[PDB]
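A.B. asks: PDB entry and its sequence, pasted below:
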Amino acid sequence: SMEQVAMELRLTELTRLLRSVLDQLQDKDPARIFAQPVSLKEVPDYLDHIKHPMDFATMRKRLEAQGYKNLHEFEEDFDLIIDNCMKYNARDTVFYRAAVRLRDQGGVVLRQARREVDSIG
Ligand code: NA
């Protein structure tokens with residue numbers, strides 16, 4: 001139906017936005033802590049700590065399938081990269097200190113993404 005096709009193009013334009021939002025946040029992590037899912041060969045106890053792992057590659061695979069139906073679903077995953085990192089890794093670690101700065105600089109993008117999905121609809 002034409003109502004379904006108008007629904008699908010709207011998703012197709014959200015995805016384009018959430019890609020460009022995704023591209024912007026990964027620049028804030030330039031040396032790539034959060035590029036990849038934590039290796040369960042290098043970190044065999046990780047799933048004892050963190051029940052919902054996330055990373056930019058996982059977020060990009062979800063995105064290109066059109067699996068982000070809104071901006072809230074995208075933010076939960078971005079938040080999960082920051083949040084899981086800041087629990088596993090301690091404060092004097094650069095990992096926590098890299099997660100902190102992605103949050104802080106990623107806020108100015110997620111504020112300036114919230115009001116982009118919005119009116120665009
Ligand atoms: Na901790």
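C.D. replies: Thanks, I have the structure now. Numbering: from 1, shown residues only.

A.B. asks: If we ignore the residues flanking it in sequence, what's nearest residue 11?
C.D. replies: residue 66 (5.3 Å; C-beta to C-beta, 6 or more residues apart in numbering). (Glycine included, C-beta is placed from N, CA and C.)

A.B. asks: Contacts only, for the one you found.
C.D. replies: 11, 12, 15 (C-beta atoms under 8 Å, 6 or more residues apart in numbering).

A.B. asks: do you know how far it is from residue 15?
C.D. replies: From residue 66 across to residue 15, the span is 5 Å (C-beta to C-beta, to the nearest Å).

A.B. asks: before we move on, what about residue 55?
C.D. replies: For residue 55, the distance to residue 15 - C-beta to C-beta - is 19 Å.

A.B. asks: Nearest the geometric middle of the protein, what residue?
C.D. replies: residue 78 (2.9 Å; C-alpha atoms, centre = their mean).

A.B. asks: contacts for stretch 78-92?
C.D. replies: Contacts of stretch 78-92 (C-beta under 8 Å, 6+ apart): 25, 33-34, 46, 49-50, 52-56, 59, 95-96, 98-100, 102-103, 106, 110.

A.B. asks: SS state for the residue nearest to residue 11?
C.D. replies: coil (DSSP: H, G, I helix; E, B strand; the rest coil).

A.B. asks: Roughly how far does it sit from residue 47?
C.D. replies: Residue 66 is 28 Å from residue 47, by C-beta to C-beta.

A.B. asks: contacting residues around residue 60?
C.D. replies: residue 22.

A.B. asks: Need the three-state assignment for it.
C.D. replies: helix.

A.B. asks: can you give me the helices for this structure?
C.D. replies: 2-28, 46-49, 56-64, 71-88, 94-120 (DSSP state H).
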